[PDB]
Each structure stands twice: as structure tokens, then as C-alpha cells.
Amino acid sequence: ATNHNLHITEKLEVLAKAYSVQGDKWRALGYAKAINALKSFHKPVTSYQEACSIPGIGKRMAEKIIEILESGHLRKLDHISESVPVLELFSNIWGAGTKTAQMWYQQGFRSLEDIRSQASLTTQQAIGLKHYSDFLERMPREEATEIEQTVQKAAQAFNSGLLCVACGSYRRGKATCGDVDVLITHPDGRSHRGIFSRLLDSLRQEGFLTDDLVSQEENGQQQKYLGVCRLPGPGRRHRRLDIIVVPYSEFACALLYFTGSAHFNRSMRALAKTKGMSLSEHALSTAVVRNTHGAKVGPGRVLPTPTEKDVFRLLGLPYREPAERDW
DNA sequence: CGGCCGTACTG
DNA sequence: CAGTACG
DNA sequence: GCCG
Ligand code: NA
Ligand code: NA
Ligand code: NA
Ligand code: NA
């Protein structure tokens with residue numbers, strides 16, 4: 001953790017976010033990787049060639065780094081559309097993405113007041129706007145613990161054998177957490193079927209859950225619950241809660257997926273692809289058949305992965321503690 | 001030229 | 001399906 | 001945007 005180029009990545013992140021909200025996701029992914037490189041790196045970049053030498057940084061990006069050091073600014077930033085700040089504001093409503101934000105902007109909306117009174121909102125967006133400020137805040141990990149304990153307690157209350165674990169940034173050892181990721185499974189391998197009903201209707205008794213964003217409860221094969229909860233007592237804020245229930249055989253891949261980070265998973269899955277293998281939150285497969293565009297055309301076969309170490313091993317990668325998975 | 005991860009809900 | 005979301 |  002030593003940002004030796006904050007002054008540059010600072011101006012780049014602004015541009016990356018602008019491209020993201022406008023919907024230019026690949027260009028944004030490009031900047032996102034170059035930005036991290038310039039951070040993870042060990043000294044202030046002082047040359048056009050030091051830069052190029054850095055993975056994730058090409059000529060085009062190096063040139064821009066130059067401008068920041070020689071000129072102190074980036075003329076590219078002085079031509080960003082005036083719509084960006086508004087698109088970013090609209091895009092921060094849970095449930096609304098680049099497409100919805102661009103539409104609202106097109107319709108003449110410029111503020112949350114406009115959205116609240118004139119915009120047509122999906123059930124999810126109404127909930128997101130309702131907790132707009134709350135969904136932008138991170139929580140002390142200590143509170144994440146209380147939330148994971150509240151979920152786990154209600155789960156083991158009707159089946160003491162249930163294994164509950166908090167993943168995400170929590171397991172990666174961060175000081176604060178954006179939301180709480182709770183993974184639930186069962187050692188026997190069957191008793192995890194159709195438990196969402198009991199867990200969710202148990203957490204609703206005690207009034208712990210306040211809003212539901214994603215919860216397909218009419219289906220017995222529900223895999224995830226994305227919602228909102230709030231601990232009891234004064235001074236509590238609404239927090240995002242994400243729960244997944246998986247079969248014990250998929251426990252390791254699930255744990256690995258849910259622990260992240262997101263960029264870490266993508267990188268790992270990208271490696272598996274170069275090796276004709278495939279990785280998901282369900283399993284690690286080998287002998288996968290893909291076409292010219294890297295799209296799966298053949299299923300291949302699932303490899304036994306009892307633990308996270310097995311996944312790294314099978315991929316010919318040295319294991320990495322959760323805390324060492326921020327990218 | 002063209003992929004850039006592989007999934008799960010919603011309506 | 002497109003959109004949005006999860007890590 | 002980067003990279004193979
Ligand atoms: Na350009
Ligand atoms: Na959003
Ligand atoms: Na999280
Ligand atoms: Na539902």
C-alpha cells in the first residue's frame with residue numbers, strides 16, 4: 001500500500017469514471033487497469049519509457065502520464081461532457097446503470113429532486129434512491145461482524161449444522177466494508193436446499209430486513225438474496241446485505257468468488273481460459289471447449305476442489321491469502 | 001482484428 | 001431479451 | 001484504454 005503516483009492516477013480515475021458512466025466499458029476497463037498499475041508500482045514514473053515498460057500501460061496511456069508530469073494537467077479532462085457529473089449522480093442509484101442514466105438525462109433530468117418527482121422508477125430504483133446516501137457509505141468491519149452474526153444466529157437457530165461465513169472485503173481484512181457478503185452452506189450436502197424461505201422470514205420477524213432488492217422466493221432454487229438491513233438501537237444506518245446459499249461441493253469456488261476482489265476473480269478466470277479451463281462461483285472445469293471468440297461451446301468436466309488452495313493449485317498458481325487478493 | 005469473467009434476478 | 005447486479 |  002504505497003501510492004507513488006497519486007497525482008497522476010488522481011486525474012486518470014476522473015477520466016476512467018467518465019468513460020464508465022457514459023457506457024464505454026472497455027475503455028474504462030483499460031484505464032482501470034493502468035490506474036492500478038501506477039498505484040501498485042514502486043516509484044514515481046518519470047519517463048515516457050519507464051511507463052510503457054509497465055504492464056497495463058501502453059504508448060497512448062504513457063503519453064497521457066507525460067502530459068500530467070510536464071504540463072501538470074490533462075487537456076483531456078477539460079473536454080469531458082458537462083453531463084458526466086449528472087450521469088454519475090443518477091448511476092449511483094442502486095438499480096440504475098449507464099443506460100438508465102443516459103435516458104433520464106436525455107429526458108431533461110439533472111438532479112435527484114427531478115428523479116424523485118418526474119422519473120419512472122423500478123421497484124429497485126425507488127429503494128436505491130430511498131437509501132441513496134446510505135448505499136454510498138462503508139461500514140466499520142465491526143458492524144459487518146454484528147450483521148453476519150445476526151444472519152448466522154437466525155440460520156443456525158433452525159439448523160445448527162449450517163456454516164455461515166462473511167466474505168467480500170470483510171474476509172480480505174479491510175477496516176471498512178461497503179456491504180456484508182454472507183455465504184451459507186452445509187457439511188452434509190443436502191440440508192441447504194430450500195432454506196431461504198425460513199431464513200428470510202425469520203429475519204423479517206425480528207424486523208432486521210427493511211427492503212428486498214433481489215430475492216426470487218417463489219422459486220425453490222434461489223441462489224442469492226440482495227437486500228437491506230438495519231441493526232436495532234439508535235444511530236444505526238441501513239446496510240446492504242448479500243446472501244448466497246450454495247451446495248457443499250461448491251463451497252470452495254463459492255468462497256473464492258464471494259471473497260473477491262472482483263478484479264481478482266476476473267483475472268483468475270481470464271487465466272483459466274488461456275489454459276482451456278473455466279472458473280465460476282459453481283466450479284473449476286477442465287477441457288472446456290471454446291470457439292474463436294472464446295465463447296464456451298463445450299462443457300468439459302468439473303475438477304474436485306475441496307478447498308481454495310485446490311483451485312490455485314489446479315491453475316498452477318501459488319496460493320494467496322484473502323488479504324492478498326485486492327487485485 | 002477483437003477479446004477484455006462467468007455468473008443470477010428482473011420485467 | 002437488455003439492463004443491472006455480485007465478487 | 002491494453003494486449004496477443
Ligand atoms: Na480519444
Ligand atoms: Na447504480
Ligand atoms: Na462486499
Ligand atoms: Na421476489
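All heavy atoms count here, side chains included; hydrogens, waters and symmetry mates do not. Order of the sequence lines sets the chain letters (A, B, ...), proteins ahead of strands, with each chain counted from 1.
Judged by the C1'-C2'-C3'-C4' torsion, which is negative here, the sugar of B:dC1 sits on the south, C2'-endo side.
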Applying ring pair (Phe, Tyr, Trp, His ring centres under 6.0 Å), run through A:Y31 and A:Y19 and close with a yes or a no.
-> CA-CA 9 Å; A:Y31 277 72; A:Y19 288 124; 5.4 Å; yes

Audit row: A:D212, A:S215, side-chain hydrogen bond (donor to acceptor under 3.5 Å, both in side chains) steps and yes/no = CA-CA 7 Å; A:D212 305 326; A:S215 195; 5.5 Å; no

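The heavy-atom pair separating A:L199 from A:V151 by the smallest distance is CD1-O, 3.8 Å.
Closest approach to the A:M61 side chain among D:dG1, C:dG7, B:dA8 is made by D:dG1 (side chain taken as heavy atoms from C-beta onward). Taking the side chain of A:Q124 as heavy atoms from C-beta on, and the options C:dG7, B:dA8, B:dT10, the nearest nucleotide is B:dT10. For A:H293, taking side-chain heavy atoms from C-beta onward, the closest of the listed nucleotides B:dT7, D:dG1, B:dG3 is B:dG3. Nearest to the side-chain atoms of A:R290 among the listed nucleotides D:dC2, D:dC3, B:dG6 stands B:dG6. Nearest to the side-chain atoms of A:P55 among the listed nucleotides C:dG7, D:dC3, B:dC9 stands D:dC3. With D:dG1, B:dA8, C:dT4 as the candidates, the nucleotide lying closest to the side chain of A:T98 is C:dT4. Of the candidate nucleotides D:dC2, C:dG7, C:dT4, C:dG7 has the atom nearest to the side chain of A:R266. Minimum atom distance to the side chain of A:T100 is reached by C:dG3, of the listed D:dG1, B:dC9, C:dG3. Side-chain proximity of A:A270 to B:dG11, C:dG7, B:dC5: nearest is B:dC5.
Regarding A:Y19, its OH atom lies at a distance of 6 Å from the P atom of D:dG1, rounded to whole Å. Straight-line distance from the CG atom of A:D242 to the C1' atom of C:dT4: 13 Å, rounded to whole Å. Note: CG (A:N265) to P (C:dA5) measures 18 Å, nearest angstrom. To the nearest angstrom, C1' of B:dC5 lies 12 Å from NE2 of A:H263. Rounded to whole Å, atom P of D:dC2 lies 15 Å from atom CG of A:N36. For the pair A:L271 CG and B:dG3 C1', the interatomic distance rounds to 16 Å; values are reported in whole Å. The CD-P distance, from A:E67 to D:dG1, rounds to 11 Å in whole Å. The interatomic distance linking A:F264 (CZ) with B:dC5 (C1') rounds to 13 Å, in whole Å.
Once the 5.5 Å centre distance and the 30° plane angle are applied, the aromatic ring of A:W26 is found stacked with the base of B:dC4.
D:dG4 sits 15 Å from B:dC5 when the P atoms are compared, rounded to a whole Å.
When heavy atoms are screened at a 4.0 angstrom cut-off, A:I93 is found touching the sugar-phosphate backbone but no base atom. At the heavy-atom level, A:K99 lies under 4.0 Å from the strands shown only through sugar-phosphate atoms. Among the atoms of the strands shown, only primed sugar atoms or phosphate atoms (P, OP1, OP2) are found under 4.0 Å from some heavy atom of A:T259. The residue A:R240 sits close only to the backbone: its heavy atoms come under 4.0 Å of sugar-phosphate atoms, none of a base. Nucleic acid contact class of A:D181 (heavy atoms, under 4.0 Å, all strands): sugar-phosphate only. Counting non-hydrogen atoms under 4.0 angstrom, A:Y257 reaches a base of the nucleic acid. A:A32 comes within 4.0 angstrom of no nucleic acid atom, judged by non-hydrogen atoms across all strands. A:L279 comes within contact range of the sugar-phosphate backbone alone, with a heavy-atom separation under 4.0 Å but no base atom that close.
When the side-chain nitrogen and oxygen atoms of A:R269 are compared with OP1 and OP2 of B:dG6, none of them lie within a distance under 4.0 Å. Not one side-chain nitrogen or oxygen of A:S280 sits closer than 4.0 Å to the OP1 or OP2 atom of B:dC5. In terms of phosphate contacts, A:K224 brings no side-chain nitrogen or oxygen within less than 4.0 Å of OP1 or OP2 of B:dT10. Taking 4.0 angstrom as the limit, A:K273 places a side-chain polar atom (N or O) nearer than this to OP1 or OP2 of B:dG6. Regarding contacts with the backbone of C:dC6, a side-chain N or O of A:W94 is found under 4.0 angstrom from either OP1 or OP2. Considering only side-chain N and O atoms, A:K25 lies nowhere under 4.0 angstrom from the phosphate OP1 or OP2 of B:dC4.
Counting heavy atoms of neighbouring residues, nucleotides and ligands inside a 6.0 Å radius, atom NZ of A:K130 does not exceed 12 of them. Heavy atoms of other residues, nucleotides or ligands lying less than 6.0 angstrom from NZ of A:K25 number 12 at most.
Ionic pairing of A:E137 and A:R237 is not present here: no N-O contact between side-chain nitrogen and carboxylate oxygen is shorter than 4.0 angstrom.
Evaluation of atom-type donor-acceptor distances gives a pair under 3.5 Å for the side chain of A:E281 against the base of B:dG6.
Of the possible polar contacts, none joining the A:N36 side chain to the A:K33 backbone as a donor-acceptor pair under 3.5 Å is found.
By the 6.0 Å and 45° rule, A:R320 does not stack over the aromatic ring of A:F312.
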